[PDB]
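Protein chains in written order, with PDB author numbering: chain E, 163 to 215; chain A, 14 to 261, 275 to 294; chain G, 1 to 142; chain D, 62 to 219.
Even for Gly, the Cβ is constructed at its ideal location relative to N, Cα and C.
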Amino acid sequence: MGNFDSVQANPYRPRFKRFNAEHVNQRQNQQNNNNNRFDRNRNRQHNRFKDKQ
Amino acid sequence: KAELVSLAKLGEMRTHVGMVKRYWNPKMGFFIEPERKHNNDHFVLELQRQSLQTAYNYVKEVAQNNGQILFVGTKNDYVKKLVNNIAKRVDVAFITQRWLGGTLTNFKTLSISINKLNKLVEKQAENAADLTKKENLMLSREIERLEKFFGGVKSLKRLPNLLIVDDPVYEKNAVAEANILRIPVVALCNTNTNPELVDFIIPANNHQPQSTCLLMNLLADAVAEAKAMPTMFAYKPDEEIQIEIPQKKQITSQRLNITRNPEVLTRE
Amino acid sequence: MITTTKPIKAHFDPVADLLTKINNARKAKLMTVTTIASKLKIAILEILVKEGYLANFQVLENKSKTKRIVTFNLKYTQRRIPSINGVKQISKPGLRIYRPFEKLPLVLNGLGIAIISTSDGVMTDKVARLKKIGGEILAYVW
Amino acid sequence: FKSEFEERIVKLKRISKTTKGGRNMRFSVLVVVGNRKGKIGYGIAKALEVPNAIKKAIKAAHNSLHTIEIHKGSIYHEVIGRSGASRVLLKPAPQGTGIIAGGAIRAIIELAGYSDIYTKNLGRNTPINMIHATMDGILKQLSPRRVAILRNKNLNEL
RNA sequence: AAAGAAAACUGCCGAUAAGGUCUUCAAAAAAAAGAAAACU
RNA sequence: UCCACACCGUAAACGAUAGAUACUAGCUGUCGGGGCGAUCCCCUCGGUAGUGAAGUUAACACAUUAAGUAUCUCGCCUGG
RNA sequence: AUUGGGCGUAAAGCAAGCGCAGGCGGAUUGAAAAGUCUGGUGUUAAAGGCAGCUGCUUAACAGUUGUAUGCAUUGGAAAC
Ligand SMILES: [Mg+2]
Ligand SMILES: [Mg+2]
Ligand SMILES: [Mg+2]
Ligand SMILES: [Mg+2]
Ligand SMILES: [Mg+2]
Ligand SMILES: [Mg+2]
Ligand SMILES: [Mg+2]
Ligand SMILES: [Mg+2]
Ligand SMILES: [Mg+2]
Ligand SMILES: [Mg+2]
Ligand SMILES: [Mg+2]
Ligand SMILES: [Mg+2]
Ligand SMILES: [Mg+2]
Ligand SMILES: [Mg+2]
Ligand SMILES: [Mg+2]
Ligand SMILES: [Mg+2]
Ligand SMILES: [Mg+2]
Ligand SMILES: [Mg+2]
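Right, dumping it as structure tokens:
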């Protein structure tokens, strides 16, 4: 019952695969985080003029 | 359709011969040939080529993508000059002398040390007449020491992303540092090694000054092709691979000298 | 036609015999083991392979039809770590454990399995709850 | 280390060695660092002064941070963590009981994120070994998805 | 004309009033990212 | 202290480790039976040792002759 | 320490053996059904127990309905 001799004689197989190249997505998520910093400094500048008349 | 080394050449270079059966790790049964009816331990040639191709494949993506590979061979004299030869051919960091404790895990202190080496070297290159004779000779000797023990590590500024080990047994410190820091390490196991420590095992010899040289150049050849300079032994025919056996009975691989292991001094 | 080389002997307790064999094989990373075959061991092993902790179990007989031994293998993954985590026997010889249906145990908040042979041979705890019938409790396997 | 990671002292012993005249005294601290969302580590350090001991302990705790998974805020299945002669029993709890832990386990449970948890210290009362036992119990936990991938069933369905 | 070694050695030698510091404590420690602004 | 016949029944009577049963890497010795046929050495089945990983221990350490994974039975322990 | 502990170095393996009664006990088949599980009926006094409600200015409290545990008998299940 169930016999199938799959054969998995690939033990202690390699865990690492590529040369940390997947980091391409880590560079895109860091670029998207820098664009959200430039717009926050424009809107803080517009609010200083309503409290001076 | 990709090719590689030749099967006749592996048999003739003695890369399918391990060490004496008395000295063997029970965890290496997968690669060993029908040793059940055999004298000295050996390996399978098909498994050898597959493992070699995998290690070759892995090192090439790293070297093409601008990784930093470190070679550490501080064993037989031949191996030091062997490791030196790859350094001349490719601008890879090397550790030919003794592996300092914490070369990787405590990289900060060794980074400070190599920075001191570089700073002292450049001041001396700039020169001055104040150096005179006595202090200059003393200063030259410290400089000599930091190249002999850090001459191949000065180039790199960050932890390497891969290690190539000649003997996992002899470099137990190096492989332990690689394992704890989760860095790939490849090694040439010789029937007496724990497979957990190494990542890409490449069943081969380690006592023959011919098998060792052939395999080390093959890995260097992957790096050299990735770096875009012509290869030396990989993807090459018969006429150009022939190599000689170093001098200093006959080149072999039997492990003896057992009489130098008596009982630990005891009694009362 | 499967051949062997070693003589096969076994301990007397058929539930913990398998349990000792399974636990030792798990700890030693061994794959192929052999033991003497009994109908209780065959049936409990059958539900075990249905519940998914072991892969295959083949029972064979002698050419004389006087002896049977069951030789099972474990289901190791690619990285060579087993699926079984721990086995412990309750109804040891001497002290037999009898629990009614309402007091049928739940192993590891239902993740593990409790093996219960009530009246229609061995049966897993979940299907035993479905039938609302209880009985002998052999061992906890998770 | 850049997280909600809170720091707290779980024990401050006073160790000393003997030299050729006098006793070299150093303070030892056992700090438990946790972000209260699934990241928690522990660090024990010794130094000539309490601030430096604390400094070394906090540095060590952030270097060794383990990952923690929660099910409904609690532990999925009952587990006994063993470390030396210290045995700590963890048991799933219904939402509302609160943290019924005390001492090193209570500090660990709060810093890990877990809410409802039943605990009992069945062994010794040395804080490091209960935490060792506590960490062993929490790290040995099996998710109901790893067993699914192993035994090949459907996510959580029976 | 190398296989050697080489050797212990002993006399005698007892005791030390009581209770006693010393680790106080880590809570952990003050300040950069700002701007600045038109006005009829 | 020795001998013969009668008692005494205690020892650090120690492997400081009750007996039986099943499973769990290996290496180096040595002993016995058996197989081959120069010894020597190779294999099998057992007894006695050393080294040694998983495993166990508070640590020392044990580690296929377990103090490991388990079952049966007996004896014993509960601060000084 | 049945659930829920130990006996190498901390308390604890009798000096060892032959051992009845006791405890435990190979595989397969048949029957019975003592264990084991389950259905029906009877009973397990009332107060107390837990849940809900009412009444006392709410409570404490009182009342109210619900709420098991075991035994016996009968009818089945046959894995141990
Ligand atoms: Mg002095
Ligand atoms: Mg005199
Ligand atoms: Mg005196
Ligand atoms: Mg006196
Ligand atoms: Mg304080
Ligand atoms: Mg006595
Ligand atoms: Mg004696
Ligand atoms: Mg030993
Ligand atoms: Mg007393
Ligand atoms: Mg006790
Ligand atoms: Mg004692
Ligand atoms: Mg005894
Ligand atoms: Mg005794
Ligand atoms: Mg007897
Ligand atoms: Mg009897
Ligand atoms: Mg039977
Ligand atoms: Mg009543
Ligand atoms: Mg009342």
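What's the gap between the Cα of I108/A and the Cα of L151/D? 49 angstroms
Please report whether the beta-carbon of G115/A lies at a distance below 8 angstroms from any beta-carbon of chain E. no
Could you tell me whether the region 121–139 of chain A touches the region 184–198 of chain A, where touching means 3 or more Cβ pairs closer than 8 angstroms? no
As assigned by DSSP and simplified to three states, the class of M32/A: coil
By alpha-carbon positions, which one of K98/D, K117/D, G95/D and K100/D ends up nearest to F88/D? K117/D
In the DSSP assignment, what are the bridge partners of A139/G? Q89/G and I115/G
C-beta contact flag for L104/G and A139/G at 8 angstroms: no
When you check each C-beta in the region 181–195 of chain E against every C-beta of chain A, which residues fall closer than 9 angstroms? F181, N182 and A183
Assuming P153/D contacts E139/D (C-beta within less than 8 angstroms), just tell me the rounded distance between them. 6 angstroms
In angstroms with no decimal places, state the Cα-to-Cα distance between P93/G and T158/D. 40 angstroms
Chain E contact residues for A55/G, given Cβ-Cβ distances below 7 angstroms: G164
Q202/D (DSSP reduced to helix, strand or coil): coil
Give me the chain G residues within the contact set of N213/D, using Cβ-Cβ distance strictly less than 7 angstroms, ordered along the chain. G52
Is there a Cβ of chain A sitting closer than 8 angstroms to that of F178/E, yes or no? yes
Tell me where the alpha helix (DSSP H) around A106/D begins and ends. Here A106/D belongs to no alpha helix (DSSP H); instead the beta strand (DSSP E) covers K100 to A108.
Got a sec? Which residues, its chain only, sit under 6 angstroms from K181/D by beta carbon, not counting five neighbours each side? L150
So, is the C-beta of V59/G closer than 8 angstroms to a C-beta in chain E? no
Please confirm whether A189/A and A76/A have their CB atoms less than 8 angstroms apart. no
Quick one: is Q78/G near chain E, going by C-beta distance under 8 angstroms? yes
Anything in chain G within Cβ reach of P205/D, meaning under 7 angstroms, just list it in chain order. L111
Could you check what DSSP says for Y98/G in three-state terms: helix, strand or coil? strand
Closer than 9 angstroms by beta-carbon distance: list the chain E residues that pair up with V49/G, in chain order. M163 and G164
With 16 other CB atoms within 10 Å as the buried threshold, where does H11/G fall? exposed
If you draw a straight line from the C-alpha of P14/G to the C-alpha of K41/G, how long is it? 6 angstroms
Okay, do the region 44–53 of chain A and the region 229–243 of chain A touch, 3+ Cβ pairs below 8 angstroms being the bar? no
Nonlocal neighbours in the same chain, by C-beta distance under 7 angstroms from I36/G, ignoring five residues either side: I8, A10 and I69
Distance check for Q61/A and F162/A, CA to CA, integer angstroms please. 33 angstroms
Cβ distance (whole Å) where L194/A is taken to contact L117/A below 8 angstroms: 6 angstroms
Delimiting residues of the alpha helix (DSSP H) encompassing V188/A: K185 to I193
Do you know how far the Cα of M41/A is from the Cα of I256/A? 29 angstroms
DSSP beta-bridge partners for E61/G? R68/G
I believe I119/D touches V94/D by the beta-carbon criterion, under 8 angstroms. Please report the beta-carbon distance rounded to the nearest angstrom. 7 angstroms
Out of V111/D, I101/D, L211/D and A106/D, state which residue places its alpha-carbon closest to the alpha-carbon of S83/G. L211/D
Return the first residue and the last residue of the beta strand (DSSP E) that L150/D is part of. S147 to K152
If distances are taken between C-alpha atoms only, which option among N215/D, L219/D and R207/D comes closest to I81/G? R207/D
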